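**Student:** here's a sequence, model it:
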Amino acid sequence: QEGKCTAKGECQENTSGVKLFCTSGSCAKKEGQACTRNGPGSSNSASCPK
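**Tutor:** Numbering: from 1, shown residues only. This is the structure:
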């Protein structure tokens, strides 16, 4: 549950440590927003709070 963003522009998950893309939120340098994961393995999508 929940993931934080990095300097490259992607948000990572704290359980496994995998990097993913986000729709309707923006992952461009944050490091402490709490972005949630949707569709692991096949999709790699996330919803961030704006």
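
**Student:** every contact and neighbour count from this point should use C-alpha atoms.
**Tutor:** Noted.

**Student:** and residue 47, how far is that from residue 27?
**Tutor:** Distance, residue 47 to residue 27, using Cα to Cα, to the nearest Å: 10 Å.

**Student:** ok, what's across the strand from residue 37?
**Tutor:** Counting by DSSP bridges, residue 37 forms beta bridges with residue 46.

**Student:** of residue 47 and residue 27, who's got more company?
**Tutor:** Each of residue 47 and residue 27 has its neighbours counted (other Cα atoms under 10 Å); residue 27 has more, 24 against 17.

**Student:** wait, the more buried one sits on residue 12?
**Tutor:** No - counting by Cα atoms under 8 Å, residue 27 does not reach residue 12; the two are 10.1 Å apart.

**Student:** now do the same contact list for the residue lying farthest from the centre of the chain.
**Tutor:** The centre of the chain is farthest from one residue, residue 42, which by Cα atoms, centre = their mean lies 14.9 Å away. Residues near residue 42 by Cα atoms under 8 Å, 6 or more residues apart in numbering: none.

**Student:** so which strand or helix has it?
**Tutor:** Here residue 42, judged by DSSP states H and E, is contained in no helix and no strand.

**Student:** circling back to that earlier point, which neighbours do residue 27 and residue 12 have in common?
**Tutor:** Common neighbours of residue 27 and residue 12 (Cα under 8 Å, 6+ apart) are residue 5.

**Student:** find the centremost residue of this structure, please.
**Tutor:** residue 11 (2.9 Å).

**Student:** residue contacts, that residue?
**Tutor:** By Cα under 8 Å, 6+ apart, residue 11 lies in contact with 3-5, 19-22, 27, 35.
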